[PDB]
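One chain comes next, on its own, written as structure tokens: the form deposited in one PDB entry.
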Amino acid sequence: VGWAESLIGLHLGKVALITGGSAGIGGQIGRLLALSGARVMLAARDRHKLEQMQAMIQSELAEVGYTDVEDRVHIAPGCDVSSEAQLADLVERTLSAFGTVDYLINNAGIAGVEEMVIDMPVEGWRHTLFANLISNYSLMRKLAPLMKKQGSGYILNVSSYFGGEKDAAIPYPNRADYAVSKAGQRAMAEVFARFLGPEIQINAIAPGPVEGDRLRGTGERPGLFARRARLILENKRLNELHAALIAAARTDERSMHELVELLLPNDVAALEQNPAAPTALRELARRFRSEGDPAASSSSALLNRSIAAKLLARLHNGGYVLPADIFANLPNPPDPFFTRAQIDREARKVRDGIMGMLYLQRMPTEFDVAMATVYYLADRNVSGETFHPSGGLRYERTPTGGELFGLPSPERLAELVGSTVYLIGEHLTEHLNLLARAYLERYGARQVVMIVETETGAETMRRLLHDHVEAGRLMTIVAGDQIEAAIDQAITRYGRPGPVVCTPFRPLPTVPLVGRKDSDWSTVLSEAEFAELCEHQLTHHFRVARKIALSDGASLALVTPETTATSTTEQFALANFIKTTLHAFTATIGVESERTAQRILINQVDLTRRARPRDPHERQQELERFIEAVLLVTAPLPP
């Protein structure tokens, strides 16, 4: 009896659905579940790879002695998990093949946009959330009614170390969309376990780095390490150019338009020697020539067309005026822009740092991780947890949820005199009133710009703040679903902000999170409502942070939802879900912002104490602690 005999019978009688099941970790989970007696459905996009994994597993089952192997491994091609229609067709296909699903393995996880937040299109961020997070809720919502009806089920989200930990965030620079989606997979397990129990287990796994094609690549496409290496070099050029232009603009009278025109020759030596160029650009050109590889055209040309478009988008998004065609006639540098020597050097440094982080100084294989996971899936007695099948890393984490604090120093508070404050929100009218009055009346801010969602919320705040509106100290802008343009309007008409307090427009929903055993679940939080929760409680803050991180001098506070004595226990859960998931965003953009030209601070203030009222005195002291917390992170630090 060989190694697969430790598996025989382990999951006999189980039906498992594995997304991303045609390769990688999910391929090996589907393989090993099938060897252990489960009937499996493998879902992914490319038909050919699914058929090759299906034939490999079926062949292996027969070697072990199973009969009718065609009934034990099924495939669902064309299934992009980011498409809800496909997820509905997946469930229909799986139930018709096998009946009720016991194990939902939410394994598919796209790498995402792989850009800094400030270069990350809003739609790409949405696509990552749909593929990696919203799909996990969508499949659970479709399969959990059947699991609960039969009395048993298991939902397993494949998260990551870069989704953080129960009480600590871990930044993942250039991967904020991925990190947030990973963190949300874990938070789903932590907050939904109490509702899904006793019948249904829900846990996450969070592997450390895994040896396979995703990290290492193949003979055709570069893996995560090589892509990260080239991006290190690309973004080094973009960040250095962007930073130098911002600095040069600080002490040159020419416009950003005219400074960018100095780059049009795209000639490194000609810019170093151009006596009419500001010295920040000439020292940059000297730097490119000194540190660069003489065989790379990046060492003799400033830009390529792709980096030029990223630069222009940053300048446009940070309020500068330049024609869209400014880079149309830019000479194209001859290939290669960075050589293989540069890229491979950076790739080896990426892998060597990661191996140095691991306590064990070795990565598991995809087979190793799947094996640990398939043993873990036999444990009937744990729910709400994150299992680490590999790992142990020296990465720096940021503890979340510190409870005690006071006011900032008198020195930092005096710097608020004369400042411009942006407040963003709609639902939390009492917080918004109190904050505006604290900035204007207590700390001598010049003005507050109150950015709301609707005209009705505008009128609510104008009424609450009627005296400051009349004195011209409180301005209201109606953002709708165009918050970027509203921030542009504030900047143009009232000036750049110091403090920016970003509260959600919308409250949390008040619907059930699970259905009664014999119900149709029709009142339970729907798939589209979960996408809406993400839009209003995550994407909202991301969009504001994306713009405000280009606004020099701003200090940004991201405020997560409130829960009161009125709030249902489902609202408490969803607030804790959002807290944990957003902390992954906040920690990540914090690290990226240190590398940006712009001095901007980004912090998170949580209104829900995760504790779950006694007289309006305790109410007014809970709100006063909120004011203190916001001031603690929006008062500037005197240089």
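When you see a residue number, it is the position in the sequence shown, counting from 1.
If you look for the form deposited in another entry, you will not find it shown, but the lines that follow are about it.
K.L.:
Just one of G223, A471, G406, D119 is at a hinge of the rigid motion between the shown form and the other one, so which is it?
P.N.:
Between the rigid parts, the switch point is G223.
K.L.:
So the Cα-Cα distance between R446 and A247 shifts by 3 Å or more in the other form; is it shorter or longer than what we see here?
P.N.:
Closer together, which means the C-alphas of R446 and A247 are at least 3 Å nearer in the other form.
K.L.:
A 3 angstroms or greater change in CA distance between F225 and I205 is reported in the other form. Closer or farther than in this form?
P.N.:
Farther apart, which means the C-alphas of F225 and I205 are at least 3 Å more distant in the other form.
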